[PDB]
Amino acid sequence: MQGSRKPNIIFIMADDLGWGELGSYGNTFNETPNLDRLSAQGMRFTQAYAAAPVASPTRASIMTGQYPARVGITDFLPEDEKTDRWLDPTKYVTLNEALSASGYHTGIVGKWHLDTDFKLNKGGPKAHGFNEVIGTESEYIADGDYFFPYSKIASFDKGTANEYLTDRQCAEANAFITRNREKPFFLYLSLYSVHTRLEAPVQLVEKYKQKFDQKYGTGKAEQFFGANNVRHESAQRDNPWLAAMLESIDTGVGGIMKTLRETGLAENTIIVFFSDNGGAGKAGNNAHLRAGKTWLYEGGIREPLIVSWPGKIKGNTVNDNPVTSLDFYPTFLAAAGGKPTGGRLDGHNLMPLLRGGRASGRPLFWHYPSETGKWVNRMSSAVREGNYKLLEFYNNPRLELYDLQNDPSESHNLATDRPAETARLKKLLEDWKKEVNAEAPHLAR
C-alpha cells in the first residue's frame, strides 16, 4: 500500500569503534566502502560525541535522552555480583516506548548492557518494552564470543557452523526490515563488534595481515600479530583483527542498504551509524585524538556519526557542529511527529540542523567517576562550550583547558594562561554537577 508513513529509523551502533577507523574519517588501512557510500548519501559529523567514555552510560544516554550522570550510570555495568545498578523501566520513558506511542514497531538486535542481572533481568530490553528482542546478551558479555554457538546469547539457539556474530546480527536486521516493511519501525542494531577480545573470520584476518605486510614489510603481521599475541592487541597502528571485524560490520551495513532499496524503503528510512565510546587502547584507532575508551579526552568520547535520509538530508555534507548521543531521542521523536510526554530531555532536536539549518551553541557536559573501572587517573568531569573544553581531574586534582579547534589532540593545556575562561567554564561545570547530582569519584579518604 502506497501513501505517507512516518519514516523508519534504523540506529546502527558499533561497540568501542574509534573516530579514526572509517575510510570517511581518513583511515586508509581499514576498508569501509558501504559506510563511505552511506557517508556520500548523508551528513557526516566530525564533532559527534558519545555522552560517556564507556558502554552502559552512552547506551543509557541514548535510551533515556538524559545525562548519564543524572541517571546514576556513568561507567559500564559489571557482572551481577559487582553492581546494584540497572536501568529501571519504571523510572524512564525509553526511546523505543516514545516511538511505540508515535505508531512504530520496535526492535533491538543485540547488545543492551543496561542490566547485568540475568536471574531476573527486570531492566532487560523486553522489560523496557521492545516489541522484538533479537540476540540480546543472556549473560555478562565479558571477553565476548563471536562464533556460533554464541555462549553469551542463549536466544540464538539456531545457527550455521562457525557463523560469525556480526554477520548473524546484520542478517537479523535484514529479516526484521523485510518482516516489518509495511509499517513504521525503529530498529536498534546494537553490534557486539568491535569489543575485545578481537575475533574475525580467518579469510578477513589473512586479508588485513597481507595488507599490513604490504604497508610495513614482510613478516611484520607475524612479528606483531602472530600466535605469540593471544588477544591480537598491540601498540602498532593498523590492527588486522579490528580491520577484519570492521569489514564484517561494513559489509553488513551494505546488506541493510541493499535490503532497503530492494523492499522500496530507502526513500522513507533514516539510517544512523554511531559508536558508543572511543576506540579501546591496544586495539582501536582514535587518529590524532588523545587517549580512548574510559578517558574524557576526545579519543574516549569522539565518535563516527553518519545520518542518511534521502531527499531530506543533503548527501555528501560534512557538519562540524558539536552533537551528542543525548540528541538522538528528540531527533527521532521530531522525525516520528511525537512530543516528549512529561519526559524531560537533556539533548536537542537535530532535524533543523540535518535539513541544512544554522547551528546554535550550547554547553555539553561529561562526568566519569569510574565507579566500575576504578581508573583513578581517568576519573574526571568535562564541559565543552564553543571550541573550549575544560577537564577537571580528581586524582592529582587539576583543571586542563584545551582549544579543540587549534589543539584537537589536547596537547597544550591553557588553564594557567587563560584563567578567566577557565573560571567561567568551571562555574558551568560546577552548576551542572549540582543540577545532575554528580556522583563523587571513588578515591581514598
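A residue's number is simply how far along the shown sequence it sits, counting from 1.
Which wins on mean Cα temperature factor, 10 to 18 or 424 to 432?
Mean C-alpha B-factor is greater for 424 to 432.
Higher mean Cα B-factor in the deposited model: 93 to 101 or 337 to 345?
Mean C-alpha B-factor is greater for 337 to 345.
Using only the C-alpha B-factors in the record, can you name which of 236, 106, 74, 193 has the highest?
The listed residue with the largest C-alpha B-factor is 236.
I'd like to know which of 222, 371, 303, 84 has the highest C-alpha temperature factor in the PDB entry.
Answer for 222, 371, 303, 84: 222, with the highest C-alpha B-factor.
For residue 187, does the deposited CA B-factor place it in the lowest, middle or highest third of the chain?
Lowest third, going by the recorded CA B-factors of the chain.
Lowest, middle or highest third: which one holds residue 122 when the chain's residues are ordered by CA B-factor from the entry?
For residue 122, the deposited C-alpha B-factor lands in the middle third.
Where does the C-alpha B-factor of residue 68 rank in its chain, lowest, middle or highest third?
For residue 68, whose C-alpha B-factor we compare with every modelled residue in the chain, the answer is the lowest third.
Sorting the chain's CA B-factors, does residue 410 end up in the lowest, middle or highest third?
It belongs to the lowest third of the chain when residues are ordered by C-alpha B-factor.
Comparing residue 352 with the other modelled residues of its chain, is its CA B-factor in the lowest, middle or highest third?
Ranked within chain, residue 352 CA B lands in the highest tercile.
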